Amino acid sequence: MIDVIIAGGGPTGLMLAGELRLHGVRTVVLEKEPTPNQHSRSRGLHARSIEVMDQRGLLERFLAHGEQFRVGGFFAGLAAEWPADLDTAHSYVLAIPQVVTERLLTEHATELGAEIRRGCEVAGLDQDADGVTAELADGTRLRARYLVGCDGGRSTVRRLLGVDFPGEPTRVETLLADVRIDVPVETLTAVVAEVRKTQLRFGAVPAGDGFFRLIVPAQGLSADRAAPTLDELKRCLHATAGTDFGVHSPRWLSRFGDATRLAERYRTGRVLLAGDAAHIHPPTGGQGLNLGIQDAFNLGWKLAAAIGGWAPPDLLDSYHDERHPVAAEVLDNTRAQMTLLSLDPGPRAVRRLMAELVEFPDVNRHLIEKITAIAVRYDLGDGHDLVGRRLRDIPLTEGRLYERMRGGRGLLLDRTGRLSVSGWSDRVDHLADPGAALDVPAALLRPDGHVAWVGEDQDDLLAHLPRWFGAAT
């Protein structure tokens, strides 16, 4: 029997499949497209996603297919330096195309035994007290204990669940185009720099093969929401840059809005939502793909705990309680960024003020920590500021903390030489290392790296173990 069906083989579903396969969960990914999408939206990973890959041993292969960058401008394009005091051991951006990211995640989920089934489109679902049935577009049916809708921003699973998707509608539309041009690159760059003095939703990135990635504001809103024709691209280029640069031969044309919507419930019985299926927003700051990977990273071990039969009764609901607010804040900061990109005189004045403010180090650090998600703090109810946050990588006596996390289990980092997780040993590893560069006596880490407890008393630790690791065995 299949334990979990994943609808959608994007980065969220692929990352989710990897996290489930770490614990033996029989996992089938139903991906509707017959062949992988060759068009990249995302252009890299932010610090928290980079850490997550390192916690799972995948950073080396990601670094081998990407380039590290330490540049500014990630909050509404506000030029700045990279914050020199970012509280991460992975303080950089990893430039890597989403097609490459999906490739690496596909290969890792496969080698762990996840079953990827392409050309399989979920069309219906029927759940009861024991499992979920997925109905494919060809009439075939698949049965599992749980189904997770990782099927993108226009999620079939979300619609079939009737989950409300409230937020702000699209009011600003932008065009996307991979095209060839009739001007030299230096001519394109000169015009772009002139337009970007006021209109920052205009840009051009070469693809290296003679094609150019163009971003250009749309004119009004479209009724069809369909892909723009080449003619529409030329009209918007003329309106924004005064010329269409002789664009021709598009190999990709697209239109995206700035709508911000959030699923009201991440869980409906035995069906859950993750990634763009649970939340949509503009790509300001490059947060969507990171937000989806970290949804799967939060959900994986919890869902595996359910399949394993040791999950506490509130564990699975903690996926919603923790990730729904994180997405709500992402949506809010993209609405703020979009306003800072507005041409209206009011927002322009606020933008100039933000330019003054980001010159202060604690502002620049605060904005980047927001964009890169390294400052996310779940409300776990404890007074300690570290509890609820992810623990950064730290040097041990030999090696580093993240090298001990590749199994996806719990981890008690103990410097007292006195604590014990006896009774939860199959679920929580005991890292007794007084030489660990951490200024707490001990820290209990969930399998997602988030701190669940800090202290030095054994009896205090024993009372905090059952919430995230169930009953002692």
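From 1 onward, residues are counted along the sequence shown.
S.K.: Pick between 337-345 and 138-146: the one whose mean CA B-factor in the entry is higher.
M.R.: On average, C-alpha B-factors are higher across 138-146.
S.K.: Per the PDB record, is the mean Cα temperature factor higher over 369-377 or over 197-205?
M.R.: Mean CA B-factor is higher for 197-205.
S.K.: Highest recorded C-alpha temperature factor, please, choosing from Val451, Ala463, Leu16, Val25.
M.R.: That would be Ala463.
S.K.: Looking at the C-alpha B-factor values in the deposited entry, which of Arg265, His108, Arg351, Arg400 comes out highest?
M.R.: Answer, based on the entry's C-alpha B-factors: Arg400.
S.K.: Lowest, middle or highest third of the chain for the C-alpha temperature factor of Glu121?
M.R.: Middle third.
S.K.: Mind checking which third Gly410 falls in for C-alpha B-factor across the chain?
M.R.: Its C-alpha B-factor, which the entry lists for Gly410, ranks in the middle third among residues of this chain.
S.K.: Going by the CA temperature factor in the PDB record, which third of the chain does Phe360 belong to: lowest, middle or highest?
M.R.: Its C-alpha B-factor, which the entry lists for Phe360, ranks in the middle third among residues of this chain.
S.K.: Lowest, middle or highest third: which one holds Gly435 when the chain's residues are ordered by CA B-factor from the entry?
M.R.: Middle third - that is where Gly435 ends up once the chain's C-alpha B-factors are sorted.
S.K.: Can you tell me whether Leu273 has a C-alpha B-factor in the lowest, middle or highest third compared with the other modelled residues of the same chain?
M.R.: According to the entry, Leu273 has a C-alpha B-factor in the chain's lowest third.
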